[PDB]
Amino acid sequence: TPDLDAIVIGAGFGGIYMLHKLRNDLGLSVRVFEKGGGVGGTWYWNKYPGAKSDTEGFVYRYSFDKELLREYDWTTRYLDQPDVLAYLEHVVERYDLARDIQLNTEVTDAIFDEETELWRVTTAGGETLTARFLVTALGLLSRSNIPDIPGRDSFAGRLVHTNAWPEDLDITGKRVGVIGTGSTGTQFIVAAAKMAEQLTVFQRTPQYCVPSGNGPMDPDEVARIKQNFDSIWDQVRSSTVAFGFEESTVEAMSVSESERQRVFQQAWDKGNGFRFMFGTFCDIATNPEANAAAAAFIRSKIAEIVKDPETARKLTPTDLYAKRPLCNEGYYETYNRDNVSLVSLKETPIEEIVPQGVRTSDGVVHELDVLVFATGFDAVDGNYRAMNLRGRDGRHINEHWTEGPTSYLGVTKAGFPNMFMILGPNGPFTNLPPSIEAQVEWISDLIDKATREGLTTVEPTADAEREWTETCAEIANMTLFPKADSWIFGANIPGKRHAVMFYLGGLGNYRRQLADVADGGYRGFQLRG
């Protein structure tokens, strides 16, 4: 008989909600282990300047509690890291969840014990305990990726990853270097350029970026949104990307050149990178002329905004508009600042980090006090592979994932009885809170069913999982997304497999898949009594 009914790993959006359901709704004995010193997951760790979410604030939140929806106010269109952290803290208080969240506790081992049919979980702290159900809410974008750049550890000043931003660090008036220009890099750069004495950008691959449209909320708009929240959430849940806008059904090449320009301009003026990729035309990410047209539209704005022709050239990507789409408050305009310098690593690669800065292949030592790694994450599977996580057959999860990470439905794993993942591999690529709520609710129901019916294990079959791999691959091969090199398909860490790691059918379709599996009696699962 186990120490706990369930153990949940992680105290981000995922685990907070998981806990709430397993404890407050099902009345189970549950504990959460979180390695951080406080709850919030992403929004605990990512304390860097400019950290914020690109999901517009009205839908970057839970939806399951209608009271909370209507009581909580947000004051700017998009939510800053501190505003989201404060929200997740308020949820934690609201639901009396802190008492079952054990902070500072890294789970190092999770071992299915076939004798007892229980999960045995070990912490860095040398606690081992048993639970019937394990839920892993480890975060898709949680495990910092810090490349082994030569000389990195010789750097004399403050060297930090964005995902480890120390609360004491004030970059005001300092000479700041940043490596990486994805969504983290670029929003850091915008905010950091207002603070630092000099900001040096080390850019390996330029990205496309559109305006965010960020700005203050009017209390009447907040009221309007809240009046209509039921409707708003219905739209979200039947949408593709769940960002609170209706995706376009217009093929981009089916209108005039003037119409393409106007639709793009209109989306540019309103802002949001997901709006620009999906609310403009329906085939930006499937049709290559449609994509090329979106991309050229962005290039023309770079060339207009950026006054130095050389900087504009270095900023202008030539590859597909098919990475996670960015937005920012005046990203390209930042490079007209006099305290910002752009180094292209295609032309002048980093040779060595040295005590006083970064020496590039040109021989130039860029002298710096702070070196910021916005070099992203061992995404999706990183925290799973770094855990001593072993299933029924005693094999480490790495031995099940030799071609890429796998699951059934993004939330279960063949060979891993009674384990459920929140934002596991091959789940939705959407505004994440509502995908999380879908997962959590679905897991709950199943755990509750095993409970009421006296099941001992629940496990997806090997065939069900391999069917889901097929599905995810086939959906991704109908898109351009696999032709974009990023973390989304792995390989952003040399030696990491290149592989499909998301269900790209969208939230509405992903919810339907979940509800079909439930409602048909969990075909694909072995339900042992």
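We number the residues from 1 along the sequence you see.
Here the stretch with the larger average CA B-factor, out of 71-79 and 361-369, is 361-369. The mean Cα B-factor in the deposited entry runs higher for 259-267 than for the other of 101-109 and 259-267. Of the candidates 459, 437, 114, 127, the one whose C-alpha carries the top B factor in the deposited record is 114. Looking at 350, 379, 134, 209, the one whose CA carries the top B-factor in the deposited record is 350. Ranked against the other modelled residues of its chain, the C-alpha B-factor of residue 147 as given in the entry falls in the highest third. Annotation for residue 355: CA B-factor lies in the highest third of the chain's modelled residues.
Among all modelled residues in its chain, residue 401 ranks in the highest third by Cα B-factor. Residue 7: CA B factor in the lowest third of modelled residues in this chain (values from the PDB entry). The PDB entry assigns residue 174 a C-alpha temperature factor belonging to the highest third of its chain's modelled residues.
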